[PDB]
Amino acid sequence: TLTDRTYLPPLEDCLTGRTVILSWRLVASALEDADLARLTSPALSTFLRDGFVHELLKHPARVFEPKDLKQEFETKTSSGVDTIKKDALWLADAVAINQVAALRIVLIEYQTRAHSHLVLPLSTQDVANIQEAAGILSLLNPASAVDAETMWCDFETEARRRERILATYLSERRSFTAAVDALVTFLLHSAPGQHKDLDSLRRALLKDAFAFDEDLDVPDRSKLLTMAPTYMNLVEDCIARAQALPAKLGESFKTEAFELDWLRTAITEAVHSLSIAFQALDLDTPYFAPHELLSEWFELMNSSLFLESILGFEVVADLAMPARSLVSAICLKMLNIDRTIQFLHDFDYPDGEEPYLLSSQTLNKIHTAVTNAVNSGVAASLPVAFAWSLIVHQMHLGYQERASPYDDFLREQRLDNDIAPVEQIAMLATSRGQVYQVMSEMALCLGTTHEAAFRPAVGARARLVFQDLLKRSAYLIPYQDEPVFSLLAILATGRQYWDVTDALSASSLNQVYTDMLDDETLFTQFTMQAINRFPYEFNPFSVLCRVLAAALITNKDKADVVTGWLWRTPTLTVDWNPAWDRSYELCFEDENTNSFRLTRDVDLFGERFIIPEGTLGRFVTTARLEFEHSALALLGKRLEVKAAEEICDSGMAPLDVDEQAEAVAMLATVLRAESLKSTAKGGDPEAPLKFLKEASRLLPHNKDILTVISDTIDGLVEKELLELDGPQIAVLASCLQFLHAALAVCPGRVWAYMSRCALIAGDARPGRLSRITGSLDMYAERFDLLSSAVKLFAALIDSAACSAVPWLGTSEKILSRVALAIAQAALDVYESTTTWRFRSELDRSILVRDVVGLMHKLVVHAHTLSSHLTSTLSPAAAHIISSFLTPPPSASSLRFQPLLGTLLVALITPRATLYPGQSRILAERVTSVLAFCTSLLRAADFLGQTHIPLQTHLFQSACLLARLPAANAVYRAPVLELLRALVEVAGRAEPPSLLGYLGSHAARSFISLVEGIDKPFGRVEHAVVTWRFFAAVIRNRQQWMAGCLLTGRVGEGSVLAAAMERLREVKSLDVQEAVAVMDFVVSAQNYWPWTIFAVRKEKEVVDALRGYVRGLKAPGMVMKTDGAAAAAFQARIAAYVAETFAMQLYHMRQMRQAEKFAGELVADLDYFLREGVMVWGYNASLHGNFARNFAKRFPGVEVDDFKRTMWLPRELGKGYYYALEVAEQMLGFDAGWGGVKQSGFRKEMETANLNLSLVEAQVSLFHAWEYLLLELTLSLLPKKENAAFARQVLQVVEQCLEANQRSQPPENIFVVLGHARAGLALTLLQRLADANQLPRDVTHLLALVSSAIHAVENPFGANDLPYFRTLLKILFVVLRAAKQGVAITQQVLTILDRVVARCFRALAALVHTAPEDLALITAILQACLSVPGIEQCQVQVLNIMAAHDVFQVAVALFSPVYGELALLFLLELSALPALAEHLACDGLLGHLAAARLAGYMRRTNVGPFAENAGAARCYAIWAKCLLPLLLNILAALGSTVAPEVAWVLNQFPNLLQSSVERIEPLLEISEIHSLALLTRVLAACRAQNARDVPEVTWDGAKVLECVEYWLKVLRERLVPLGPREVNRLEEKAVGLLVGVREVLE
Amino acid sequence: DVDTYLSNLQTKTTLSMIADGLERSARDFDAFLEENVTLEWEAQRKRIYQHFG
């Protein structure tokens, strides 16, 4: 019941792309990098947890075995398939593999054609671009290059396709081998402290495959130890294929390149098989292996000549050396010298397995194999031959003492009588330490340092055999410098100073290091001897202490061993000075030992180091002294004496230059280890301080070890750096490393020294670091200096970044100057590195990585914050920015060629499963380069840079980054982030066409490669990165790329194809990725709607249902329930969904298909009504509490100082406003940030950031819902579903009015809400009044508006004018709606008493902007005086309206838009009878006849269409406002005011003439009616008396004829100019005519 | 339908076209207030006429 359902998914998914095969390429990378996300992904988890994959990896011979699988092949290929089937059949016929494996490989190659095409040579356009960028860097091949058309036409050929298929087959074999090796390694030597998911997966895989359960006291090792022969037998077929290529393969393909590729693949497979076998063997170290397999393996090795026949070529040396090393390692492992000698001498059975010593045939075979290997003249057999010689010597010694089965072997080959052959073999192996040299080389290739060919654990487990061999060959071989240096090179492996970390690992890795102290042999033969030979032999003891301190950082059991050995050294050994000949005497105790005792009181260095009289000593023939002392103090004193340039004839000899370098290096390593272990829990914080105090002991009180290093540096830098020997450069590098180490515990003195180091732009004295530039050769001796100086500078910058704090003796100016000098030095190094010639590429790669990381940390630290905390490095950051963004035109390419060369070397590097150190170093270098490019892009975007000369080079750099990911998948997310940053920079600055730099074929390949959003794994980080990249590329002016990415060449396999598949499962998908998916959707819709909306409508049945589901089951208050950080994510998702629905409804309305969709969506606004316009979820209480708690504990640093400078896109998480990524390291130096049980300031800051993100999401949802409801108000015009619509509108308005009164958010963090949410309710009420569907419930709605108007501070004329205007319009519409509907008079009189009067008085006082505000106030008063409740409260409101005496100020302002508005205001005031008569009083006629407007009124230019603006304005003011006011004042009392109106008429007859002459064969009909009513009333009055009304000055005949001749032709002169947004006037005209007929007839 | 939709389409962000609703409402508010004051004056004249009789 073990099928390939998950191993080989159906062909339909592989072709359609619904499920990409989890090829071994990806699995090998995940197991090699130990990535948590990928290893814990559902796809890979299910793939590995399957029993089929377990059986396959436990029997790799079955994966590619020859067998009749025609049935399975035909069943799979049935239910572009013809070509796949043909290729699979051809591959199965050529190679002996099964048809299923061939089909799987062909499918994998088909799915990975993008990489195979991008790893091809570049076209001519790219070569031209590179040559133009270059103005070293010539590693590319420009001579050999063709166009893209010829390259693509040749790619689709048959021969090239078959060659690429074979290459992919070999690559997949290598990837499978590497993946199974890494899996076995991780399952056997799993590191502790890993994630719970990793441990669970490991235990599950073990229980499923090998039943290896950790809970059982004795797990089943059978299935784990049975893996050795499975690979030892496959090695046979591997070497057979290596020595003979497939015969059935076509001869045309058997070319030199193909033969070399096949040989390299076979070598890699053999190496991986040997590594897996070595792991399976060392899993059970003490017990022996089955001799039945060792005999066969030795026979195979004898037949194959230790793979020297296939490795004999000179073109596979890189792969041959590690192959030979691993062969020697596995040979020494199977020999098991440690247990072999124990069994020989002790004669004690292992009780675990029968050893090969009981079979004489196996011994004879091993002996003849070793003899043949030694006779063939091969170096790989040196260690194995030496081990076999030692074994034979021990067996002969045992036989002679006895004189059992080994006797047959000893006697058959004649070795019984003579020991000449093995003796000669050992002699020729030890001659000139050839065996030791080859062992050191193998260890270097099988070590932990980056130079190793395998992973750190692989080398740690491989060094065990060599260490055991040296242990068993130490007792027989006398102590000599050669084996000492061999063991040193094996253990240390020349590791770098910065290659030491406190990362806790499994005890298996540290076993190789602890064995030195566990076994008595390696402790009494090397450790004790190395300690005794000191300082005479300084290098062994130094390297031993260094490696031990680097290894035992986390081992608390042996954490004080190095400190103890350094502070309480048991013995001393130093060269003898002839001056001391008269200061000793031989005791004549033992002549062989040569013992003696001091007779005089020797005073060394004449507190100070003094030795007491009577100390014993031994002359080792230099002498050993048995005296207890602290070697650290003596070493410090010697270093001080050497730096002082003082020599003492009567004292000990000075340390050598190399010895001094090694001393300073070991001191720096020990100090770093102490500082790293002190921070860890359980240690002591006084470890580095105590170490420094002990080092500065018995030294001059004035100076310390730091002063000694300072003097040494000053001495070395005295002369120019160019003339310095290797030893001096090494001493300088060690001094820099020691300064780096001391930077942690004592930053103050380090900064004080760097301020006057005189090495980086210090002064005009020769010795500066910038004078080492030019076209020089930076070998290992000259590279160790800069590689350490750059890292020291990076550490100095990191320490200076923590400006929130030990620091006695520093200042802001000093740190600023030091940082500026460091930046200048780093820039000089970056500009000069483009000319040096390094012995290898790894050195230059590490240097570039270090300098780029330093520059990136400098740049990000400057813009990450905007407070004074980032002012120390501000000058350096500004200098770096000005130098990398606007460099001079002469030195512009010198700063750009390094990155171009780095990218070229990265994209032209061959992929190899070995040498993981170099691979990870190159990966980190590329990541740092891309991060630095992104930082430069963001810096250019910021500060307002209009001309970016770096963009021209970044385009051609992206031209290469488009193909670079093909070499490594890790470069996917960083390259996409760099492209996103470049697109963002190009947006805020059409831009240069990116398709011209990428290319048609290259661009299509990149699109087809990136369309998959982490399909094989499905991670969240890379997914969000890809979605943001797509959104940025679509938002910019990029059209061709956007089209090729959306359409896919509707869409069938484009990005939207997977975007929809992810959107249809948001109910279970991570909310984090949902935000990015929705952002991509919105970015594709707003810029490319015709495609996205079309595809969504064609598939809306899957999206609308999911949207409704999300909306219905989206609670409002999610904080109370389970979940705190997910609230902001859910709010953001809801906001995006609302925005998308609004855009879709807008498009449908534009297409007139938004009725049914809107009607169905309106029923899903529950979450909106719950948590929409309401922004009261700010919780200012906790924010204020946190601010107070931070200001009380940190008086200097404020909470607002951590505000981002908008340099990076603010993530909607725990770092929206407060910079947490930097705070974690800036405030984690003192107690208070960590807190117990995950408490303190960190949790509160995270909660505050989550609240801010939630508020931002709420504002986004508010905008989305505003747009949606604004469009729906127009869409939902008819009379249907009005109840729910009105309820929702009223609820939204009430929530807005309540939020306006409740606690407001800050103005510096978010945007001011004033005037932002008022127009929303304004337009809502406007449209609802236009529809006339209000429940006249203003009795309570006006309370909030009144409270807001009262608590607004009265900004009638302040800067916040829009807010006042929108509030006025809102209250206007509210009181108008109320008028349509008593308990309302007492609630509405407040605005008539306190609001309108106060605002009018303020406006009149300010006017001494104003016109529109006064008109709005006039309209407000007019609409408010029409409420029915006021018709009865006239007597009550008379007093509150006359208390202010607004009539006086109105008439004053009237004495010309201001006059018109004042006239309208007094008119609306006269609407009441009391106010009507008050205004009709004599107070009016006075100013009416004395007004200055009479000057213009008397002029004959008055008219409605007069060319003069003033004349028309006055005519309008008189026609629209004066006549209604006259009628109103007359309604009160006409008999008394008749003389006044008669005089006003007969005094200004021009208006009457213009009114009666304009109309010949509307606002003028109202004038006609007013004149008719006035005539009627004055005639009725004159009917009694004759004194008043002397002349009527009005004609009836003309008016009668006019009204007769004006009752379709009427539209001749009807051109409304004012109203143009809405049958309208004819009704009013006929009504006025009927009124005139009623009053006149 | 799709043919005409693509023919009469303009290359510009969609969120800017829908924003025209705010401007349209602001421009129609003037005419709305004008009609309001006009009908208010009409009602005032009607009540005055009913009072005179």
# chains A, B, ... in the order shown; residues from 1 in each chain; ligands from 1
call {"tool": "residues_around", "arguments": {"residues": "residue B:16", "least_positions_apart": "3", "cutoff": "12 Å", "atoms": "only C-alpha atoms", "output": "PDB file with N, CA, C and O atoms, in the first residue's frame"}}
result
ATOM      1  N   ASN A1086      -7.239  48.801 -10.096  1.00  0.00           N
ATOM      2  CA  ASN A1086      -7.294  50.247 -10.286  1.00  0.00           C
ATOM      3  C   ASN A1086      -6.555  50.680 -11.545  1.00  0.00           C
ATOM      4  O   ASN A1086      -6.951  51.659 -12.190  1.00  0.00           O
ATOM      5  N   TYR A1087      -5.487  49.973 -11.916  1.00  0.00           N
ATOM      6  CA  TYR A1087      -4.718  50.306 -13.109  1.00  0.00           C
ATOM      7  C   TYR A1087      -5.096  49.474 -14.324  1.00  0.00           C
ATOM      8  O   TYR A1087      -5.003  49.971 -15.451  1.00  0.00           O
ATOM      9  N   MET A1143     -15.305  49.346  -6.257  1.00  0.00           N
ATOM     10  CA  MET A1143     -14.821  49.506  -7.625  1.00  0.00           C
ATOM     11  C   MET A1143     -15.633  48.659  -8.598  1.00  0.00           C
ATOM     12  O   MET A1143     -15.966  49.112  -9.702  1.00  0.00           O
ATOM     13  N   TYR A1146     -18.933  50.313  -9.138  1.00  0.00           N
ATOM     14  CA  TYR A1146     -18.769  51.487  -9.987  1.00  0.00           C
ATOM     15  C   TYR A1146     -18.651  51.090 -11.452  1.00  0.00           C
ATOM     16  O   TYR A1146     -19.286  51.696 -12.324  1.00  0.00           O
ATOM     17  N   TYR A1267     -16.940  55.491  -0.054  1.00  0.00           N
ATOM     18  CA  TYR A1267     -17.106  55.400  -1.503  1.00  0.00           C
ATOM     19  C   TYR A1267     -18.268  54.478  -1.865  1.00  0.00           C
ATOM     20  O   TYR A1267     -19.087  54.807  -2.738  1.00  0.00           O
TER      21      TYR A1267
ATOM     22  N   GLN B  10     -10.549  54.907 -20.777  1.00  0.00           N
ATOM     23  CA  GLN B  10      -9.466  55.865 -20.614  1.00  0.00           C
ATOM     24  C   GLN B  10      -8.417  55.293 -19.671  1.00  0.00           C
ATOM     25  O   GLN B  10      -8.751  54.710 -18.636  1.00  0.00           O
ATOM     26  N   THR B  11      -7.149  55.464 -20.036  1.00  0.00           N
ATOM     27  CA  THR B  11      -6.035  54.966 -19.230  1.00  0.00           C
ATOM     28  C   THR B  11      -5.850  55.893 -18.034  1.00  0.00           C
ATOM     29  O   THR B  11      -5.215  56.946 -18.134  1.00  0.00           O
ATOM     30  N   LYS B  12      -6.413  55.504 -16.894  1.00  0.00           N
ATOM     31  CA  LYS B  12      -6.312  56.294 -15.674  1.00  0.00           C
ATOM     32  C   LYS B  12      -6.831  55.455 -14.517  1.00  0.00           C
ATOM     33  O   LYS B  12      -7.633  54.535 -14.705  1.00  0.00           O
ATOM     34  N   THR B  13      -6.360  55.785 -13.316  1.00  0.00           N
ATOM     35  CA  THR B  13      -6.761  55.041 -12.129  1.00  0.00           C
ATOM     36  C   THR B  13      -8.270  55.125 -11.931  1.00  0.00           C
ATOM     37  O   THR B  13      -8.898  56.143 -12.231  1.00  0.00           O
ATOM     38  N   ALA B  19     -14.116  59.291  -7.443  1.00  0.00           N
ATOM     39  CA  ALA B  19     -13.978  60.483  -6.615  1.00  0.00           C
ATOM     40  C   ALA B  19     -14.762  61.663  -7.174  1.00  0.00           C
ATOM     41  O   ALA B  19     -15.069  62.598  -6.426  1.00  0.00           O
ATOM     42  N   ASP B  20     -15.091  61.642  -8.467  1.00  0.00           N
ATOM     43  CA  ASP B  20     -15.877  62.721  -9.054  1.00  0.00           C
ATOM     44  C   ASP B  20     -17.254  62.843  -8.416  1.00  0.00           C
ATOM     45  O   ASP B  20     -17.921  63.869  -8.599  1.00  0.00           O
ATOM     46  N   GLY B  21     -17.703  61.818  -7.689  1.00  0.00           N
ATOM     47  CA  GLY B  21     -18.982  61.916  -7.005  1.00  0.00           C
ATOM     48  C   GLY B  21     -19.004  63.026  -5.974  1.00  0.00           C
ATOM     49  O   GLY B  21     -20.016  63.712  -5.807  1.00  0.00           O
ATOM     50  N   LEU B  22     -17.889  63.220  -5.268  1.00  0.00           N
ATOM     51  CA  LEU B  22     -17.808  64.304  -4.294  1.00  0.00           C
ATOM     52  C   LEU B  22     -17.982  65.657  -4.973  1.00  0.00           C
ATOM     53  O   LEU B  22     -18.739  66.511  -4.497  1.00  0.00           O
ATOM     54  N   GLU B  23     -17.283  65.870  -6.090  1.00  0.00           N
ATOM     55  CA  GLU B  23     -17.412  67.130  -6.812  1.00  0.00           C
ATOM     56  C   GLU B  23     -18.827  67.314  -7.347  1.00  0.00           C
ATOM     57  O   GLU B  23     -19.378  68.420  -7.300  1.00  0.00           O
TER      58      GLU B  23
END
call {"tool": "residues_around", "arguments": {"residues": "residue A:532", "least_positions_apart": "5", "cutoff": "12 Å", "atoms": "only C-alpha atoms", "output": "list in words"}}
result
residues 524, 525, 526, 527, 537, 538, 540, 541, 565, 569, 570, 571, 572, 573, 574, 617, 618, 619, 620, 622, 623, 624, 625, 626, 627, 628 and 631 of chain A
call {"tool": "write_last_selection", "arguments": {"atoms": "N, CA and C atoms", "output": "PDB file, in the first residue's frame"}}
result
ATOM      1  N   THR A 524      47.305  13.687  28.079  1.00  0.00           N
ATOM      2  CA  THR A 524      48.657  13.624  28.617  1.00  0.00           C
ATOM      3  C   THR A 524      49.733  13.656  27.539  1.00  0.00           C
ATOM      4  N   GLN A 525      49.366  13.511  26.267  1.00  0.00           N
ATOM      5  CA  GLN A 525      50.327  13.517  25.170  1.00  0.00           C
ATOM      6  C   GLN A 525      50.355  14.826  24.398  1.00  0.00           C
ATOM      7  N   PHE A 526      49.213  15.496  24.250  1.00  0.00           N
ATOM      8  CA  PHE A 526      49.121  16.745  23.504  1.00  0.00           C
ATOM      9  C   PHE A 526      48.792  17.938  24.388  1.00  0.00           C
ATOM     10  N   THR A 527      47.744  17.839  25.206  1.00  0.00           N
ATOM     11  CA  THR A 527      47.340  18.967  26.039  1.00  0.00           C
ATOM     12  C   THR A 527      48.430  19.320  27.046  1.00  0.00           C
ATOM     13  N   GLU A 537      56.939  26.967  22.607  1.00  0.00           N
ATOM     14  CA  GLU A 537      56.078  26.601  21.483  1.00  0.00           C
ATOM     15  C   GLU A 537      54.739  27.292  21.713  1.00  0.00           C
ATOM     16  N   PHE A 538      54.630  28.527  21.219  1.00  0.00           N
ATOM     17  CA  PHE A 538      53.445  29.334  21.488  1.00  0.00           C
ATOM     18  C   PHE A 538      52.282  28.974  20.573  1.00  0.00           C
ATOM     19  N   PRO A 540      51.137  26.033  19.227  1.00  0.00           N
ATOM     20  CA  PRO A 540      50.243  24.928  19.622  1.00  0.00           C
ATOM     21  C   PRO A 540      49.326  25.287  20.778  1.00  0.00           C
ATOM     22  N   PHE A 541      49.889  25.786  21.881  1.00  0.00           N
ATOM     23  CA  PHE A 541      49.074  26.160  23.032  1.00  0.00           C
ATOM     24  C   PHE A 541      48.059  27.233  22.657  1.00  0.00           C
ATOM     25  N   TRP A 565      43.243  27.201  32.664  1.00  0.00           N
ATOM     26  CA  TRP A 565      44.553  26.954  32.071  1.00  0.00           C
ATOM     27  C   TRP A 565      45.328  28.249  31.864  1.00  0.00           C
ATOM     28  N   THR A 569      48.388  28.395  34.994  1.00  0.00           N
ATOM     29  CA  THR A 569      49.260  27.533  34.208  1.00  0.00           C
ATOM     30  C   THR A 569      50.176  26.742  35.138  1.00  0.00           C
ATOM     31  N   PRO A 570      50.319  25.426  34.943  1.00  0.00           N
ATOM     32  CA  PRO A 570      51.084  24.621  35.906  1.00  0.00           C
ATOM     33  C   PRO A 570      52.589  24.796  35.787  1.00  0.00           C
ATOM     34  N   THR A 571      53.091  24.941  34.562  1.00  0.00           N
ATOM     35  CA  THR A 571      54.525  25.008  34.319  1.00  0.00           C
ATOM     36  C   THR A 571      54.824  26.140  33.346  1.00  0.00           C
ATOM     37  N   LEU A 572      56.112  26.449  33.212  1.00  0.00           N
ATOM     38  CA  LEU A 572      56.590  27.487  32.314  1.00  0.00           C
ATOM     39  C   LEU A 572      57.810  26.974  31.562  1.00  0.00           C
ATOM     40  N   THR A 573      57.954  27.424  30.317  1.00  0.00           N
ATOM     41  CA  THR A 573      59.071  27.003  29.476  1.00  0.00           C
ATOM     42  C   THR A 573      59.428  28.144  28.538  1.00  0.00           C
ATOM     43  N   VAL A 574      60.648  28.666  28.674  1.00  0.00           N
ATOM     44  CA  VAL A 574      61.124  29.772  27.852  1.00  0.00           C
ATOM     45  C   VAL A 574      62.602  29.552  27.567  1.00  0.00           C
ATOM     46  N   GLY A 617      63.272  23.180  38.193  1.00  0.00           N
ATOM     47  CA  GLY A 617      63.202  23.282  36.748  1.00  0.00           C
ATOM     48  C   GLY A 617      63.787  22.061  36.082  1.00  0.00           C
ATOM     49  N   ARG A 618      63.386  21.858  34.828  1.00  0.00           N
ATOM     50  CA  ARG A 618      63.851  20.741  34.017  1.00  0.00           C
ATOM     51  C   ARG A 618      64.332  21.273  32.677  1.00  0.00           C
ATOM     52  N   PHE A 619      65.511  20.823  32.250  1.00  0.00           N
ATOM     53  CA  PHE A 619      66.090  21.240  30.977  1.00  0.00           C
ATOM     54  C   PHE A 619      65.648  20.254  29.901  1.00  0.00           C
ATOM     55  N   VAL A 620      64.694  20.674  29.067  1.00  0.00           N
ATOM     56  CA  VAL A 620      64.148  19.798  28.036  1.00  0.00           C
ATOM     57  C   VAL A 620      65.128  19.528  26.905  1.00  0.00           C
ATOM     58  N   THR A 622      66.496  26.400  26.457  1.00  0.00           N
ATOM     59  CA  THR A 622      65.162  26.387  27.046  1.00  0.00           C
ATOM     60  C   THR A 622      65.065  25.329  28.141  1.00  0.00           C
ATOM     61  N   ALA A 623      64.229  25.594  29.143  1.00  0.00           N
ATOM     62  CA  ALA A 623      64.046  24.672  30.253  1.00  0.00           C
ATOM     63  C   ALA A 623      62.654  24.861  30.834  1.00  0.00           C
ATOM     64  N   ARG A 624      62.091  23.770  31.345  1.00  0.00           N
ATOM     65  CA  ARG A 624      60.768  23.808  31.949  1.00  0.00           C
ATOM     66  C   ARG A 624      60.867  24.197  33.418  1.00  0.00           C
ATOM     67  N   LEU A 625      59.925  25.023  33.867  1.00  0.00           N
ATOM     68  CA  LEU A 625      59.860  25.482  35.247  1.00  0.00           C
ATOM     69  C   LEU A 625      58.534  25.051  35.855  1.00  0.00           C
ATOM     70  N   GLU A 626      58.599  24.410  37.023  1.00  0.00           N
ATOM     71  CA  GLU A 626      57.403  23.939  37.723  1.00  0.00           C
ATOM     72  C   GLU A 626      57.001  24.991  38.753  1.00  0.00           C
ATOM     73  N   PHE A 627      56.308  26.020  38.271  1.00  0.00           N
ATOM     74  CA  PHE A 627      55.848  27.118  39.108  1.00  0.00           C
ATOM     75  C   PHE A 627      54.442  27.522  38.690  1.00  0.00           C
ATOM     76  N   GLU A 628      53.574  27.718  39.680  1.00  0.00           N
ATOM     77  CA  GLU A 628      52.200  28.123  39.417  1.00  0.00           C
ATOM     78  C   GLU A 628      52.133  29.631  39.216  1.00  0.00           C
ATOM     79  N   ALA A 631      49.547  32.727  33.182  1.00  0.00           N
ATOM     80  CA  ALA A 631      50.188  32.983  31.899  1.00  0.00           C
ATOM     81  C   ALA A 631      49.646  34.235  31.224  1.00  0.00           C
TER      82      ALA A 631
END
call {"tool": "interface_residues", "arguments": {"of": "chain B", "to": "chain A", "cutoff": "9 Å", "atoms": "only C-alpha atoms", "output": "ChimeraX atom specification"}}
result
/B:1-2,5-6,9,11-15,18-19,21-22,25-37,40-42,44-45,48,52
call {"tool": "closest_residue", "arguments": {"among": "A:1253, A:1328, A:1606, A:645", "to": "residue A:1286", "atoms": "only C-alpha atoms"}}
result
A:1328
call {"tool": "residues_around", "arguments": {"residues": "residue A:1360", "least_positions_apart": "6", "cutoff": "10 Å", "atoms": "only C-alpha atoms", "output": "list in words"}}
result
residues 1314, 1315 and 1354 of chain A
call {"tool": "write_last_selection", "arguments": {"atoms": "C-alpha atoms", "output": "PDB file, in the first residue's frame"}}
result
ATOM      1  CA  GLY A1314     -11.638  67.129  10.888  1.00  0.00           C
ATOM      2  CA  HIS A1315     -13.454  67.686   7.563  1.00  0.00           C
ATOM      3  CA  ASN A1354     -15.700  78.412  17.481  1.00  0.00           C
TER       4      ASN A1354
END
call {"tool": "atom_distance", "arguments": {"atom1": "atom CA of residue A:1080", "atom2": "atom CA of residue A:1032"}}
result
8.5 Å
call {"tool": "residues_around", "arguments": {"residues": "residue A:546", "least_positions_apart": "3", "cutoff": "12 Å", "atoms": "only C-alpha atoms", "output": "VMD selection string"}}
result
chain A and resid 488 491 to 497 499 to 500 513 538 to 543 549 to 553 561 to 563 565 to 566 662 to 674
call {"tool": "write_last_selection", "arguments": {"atoms": "C-alpha atoms", "output": "PDB file, in the first residue's frame"}}
result
ATOM      1  CA  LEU A 488      46.429  21.779  14.921  1.00  0.00           C
ATOM      2  CA  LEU A 491      41.245  20.685  14.899  1.00  0.00           C
ATOM      3  CA  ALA A 492      41.339  24.425  14.179  1.00  0.00           C
ATOM      4  CA  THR A 493      41.149  24.100  10.371  1.00  0.00           C
ATOM      5  CA  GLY A 494      42.353  27.698  10.135  1.00  0.00           C
ATOM      6  CA  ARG A 495      38.967  29.022  11.215  1.00  0.00           C
ATOM      7  CA  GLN A 496      38.402  32.767  11.117  1.00  0.00           C
ATOM      8  CA  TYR A 497      38.096  34.904  14.235  1.00  0.00           C
ATOM      9  CA  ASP A 499      33.648  32.148  12.716  1.00  0.00           C
ATOM     10  CA  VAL A 500      32.970  31.654  16.448  1.00  0.00           C
ATOM     11  CA  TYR A 513      36.563  18.761  20.697  1.00  0.00           C
ATOM     12  CA  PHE A 538      53.445  29.334  21.488  1.00  0.00           C
ATOM     13  CA  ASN A 539      51.478  28.348  18.374  1.00  0.00           C
ATOM     14  CA  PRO A 540      50.243  24.928  19.622  1.00  0.00           C
ATOM     15  CA  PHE A 541      49.074  26.160  23.032  1.00  0.00           C
ATOM     16  CA  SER A 542      47.578  29.287  21.458  1.00  0.00           C
ATOM     17  CA  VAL A 543      45.599  27.403  18.804  1.00  0.00           C
ATOM     18  CA  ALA A 549      37.269  28.642  23.895  1.00  0.00           C
ATOM     19  CA  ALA A 550      35.434  28.809  20.566  1.00  0.00           C
ATOM     20  CA  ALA A 551      33.935  25.345  21.106  1.00  0.00           C
ATOM     21  CA  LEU A 552      33.048  25.413  24.831  1.00  0.00           C
ATOM     22  CA  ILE A 553      31.088  28.684  24.868  1.00  0.00           C
ATOM     23  CA  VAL A 561      38.786  25.115  31.436  1.00  0.00           C
ATOM     24  CA  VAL A 562      40.392  27.772  29.222  1.00  0.00           C
ATOM     25  CA  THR A 563      40.214  30.403  31.965  1.00  0.00           C
ATOM     26  CA  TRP A 565      44.553  26.954  32.071  1.00  0.00           C
ATOM     27  CA  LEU A 566      45.297  30.629  31.374  1.00  0.00           C
ATOM     28  CA  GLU A 662      48.954  34.527  17.453  1.00  0.00           C
ATOM     29  CA  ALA A 663      49.015  35.734  21.069  1.00  0.00           C
ATOM     30  CA  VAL A 664      46.844  38.762  20.315  1.00  0.00           C
ATOM     31  CA  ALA A 665      44.520  36.593  18.209  1.00  0.00           C
ATOM     32  CA  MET A 666      43.998  34.008  20.963  1.00  0.00           C
ATOM     33  CA  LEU A 667      43.477  36.803  23.499  1.00  0.00           C
ATOM     34  CA  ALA A 668      40.840  38.376  21.249  1.00  0.00           C
ATOM     35  CA  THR A 669      39.115  35.019  20.750  1.00  0.00           C
ATOM     36  CA  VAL A 670      39.080  34.312  24.493  1.00  0.00           C
ATOM     37  CA  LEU A 671      37.703  37.783  25.232  1.00  0.00           C
ATOM     38  CA  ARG A 672      34.978  37.335  22.613  1.00  0.00           C
ATOM     39  CA  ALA A 673      34.046  33.933  24.046  1.00  0.00           C
ATOM     40  CA  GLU A 674      33.883  35.397  27.556  1.00  0.00           C
TER      41      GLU A 674
END
